[PDB]
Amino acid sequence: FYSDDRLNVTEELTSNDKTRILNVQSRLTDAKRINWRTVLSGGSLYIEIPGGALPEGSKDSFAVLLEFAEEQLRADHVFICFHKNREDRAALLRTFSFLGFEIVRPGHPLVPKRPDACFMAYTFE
């Protein structure tokens, strides 16, 4: 493990791999800490959405996560990756859609070949 970045609202630690794995913990004031497993590859961040409901403060957590992706990582894109066979797939899609994500075409070069998964993308301006 390697300490990557520390802000007033985030703490990231790197796990050893070819493409850099980032464990991103959001620490919002008066809010439960939230750990996201992400991977940095090809100037893009891919965030694993875990099975089950999203924790309290997931919105702000994602806000600071995104800001971290643009500012510190200087990412061109941020990806939402989740298991396609979920009962709440449409809810997730709608949610990140509101957040500004758009549905990624299956087979897109920037998305790994996994037909058992849905991907949404966010592009900075």
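One-based numbering along the sequence shown.
Of the two stretches examined, 95-103 and 25-33, the record assigns the greater average C-alpha temperature factor to 25-33.
Look at the C-alpha B-factors of 104-112 and of 15-23. On average they run higher in 15-23.
For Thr38, the recorded CA B-factor ranks within the middle third of the chain. Only modelled residues enter the ranking. Annotation for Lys59: C-alpha temperature factor in the lowest third relative to the rest of the modelled chain, per the entry. Ranked against the other modelled residues of its chain, the C-alpha B-factor of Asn8 as given in the entry falls in the middle third. Among all modelled residues in its chain, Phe124 ranks in the middle third by Cα B-factor.
Per the deposited record, the Cα B-factor of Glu87 falls in the highest third when ranked against the other modelled residues of its chain.
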